[PDB]
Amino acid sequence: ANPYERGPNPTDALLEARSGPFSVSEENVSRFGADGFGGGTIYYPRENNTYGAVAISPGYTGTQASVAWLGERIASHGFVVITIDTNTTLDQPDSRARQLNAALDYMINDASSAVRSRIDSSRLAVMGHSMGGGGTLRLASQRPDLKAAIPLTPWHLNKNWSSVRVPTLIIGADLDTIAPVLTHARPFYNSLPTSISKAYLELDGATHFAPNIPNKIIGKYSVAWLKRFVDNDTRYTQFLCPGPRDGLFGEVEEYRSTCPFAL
């Protein structure tokens, strides 16, 4: 048993649905209301409880709209989630890392009392697309207290993430020509320590922009990872260990992990 558990006992179908069981409210954060980042939208459960909190960054030239579906879907499973805009859409990964940090702090300290009262500030995670995924890796390396990190088709010039101790799921796309998995996602995964909880899910038949529209697989494994690591929710281990089979056409190219994952 576990005091951080929220929602019903899961199934694959529950994780694959357009919405989880929680009712999602939205709070707008304008550019000038956000100290240290470009604003965003906070998605949060209307059900009064405390939940973990997650910040999600888009990539270069991207806005919060490119990750909105995923922020809302995650929130609907019982999380407080901010999808950010960056100070400029030209910001590099290490700047996005600090803006993700600022967005976590915003949710904890600067958002409405409705949002702040629903956050367990000790249980935080970060995610991001492309350069936002590079920023996710950088922030994970700077903040070992984070509970989870999910880089989506990540891009970063630094290939060595051996300092990261945060449970990290990297999602790559086999056809990606912008952040090719051979030179980005795979080197990142291979450099993460063998001794941390980590997984690499490479989508088959998928482009760099697979994370930017509703995707059953990305939603399912993102939610399961956050449940397992932000909530310590062992009801979600079954989806992650051993995880999906390799070689599923148009779905999963491969799934690697360090299963079993320690609490």
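Heads up: residue numbers just count along the shown sequence, starting at 1.
Checked against the record, the higher mean CA B factor of 202-210 and 66-74 lies with 202-210.
The mean C-alpha temperature factor is higher for 156-164 when 156-164 and 105-113 are set side by side.
Note on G36, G52, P45, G219: the highest value goes to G36, judged by CA B factor as recorded.
When the modelled residues of the chain are ordered by their C-alpha B factor, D120 lands in the lowest third. Compared with the other modelled residues of the chain, the Cα B-factor recorded for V24 ranks in the lowest third. Residue-level temperature factors show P193 in the highest third of its chain, judged at the C-alpha atom. Among the modelled residues of its chain, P144 has a C-alpha B-factor that falls in the highest third, as given in the PDB entry.
Among all modelled residues in its chain, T83 ranks in the lowest third by Cα B-factor.
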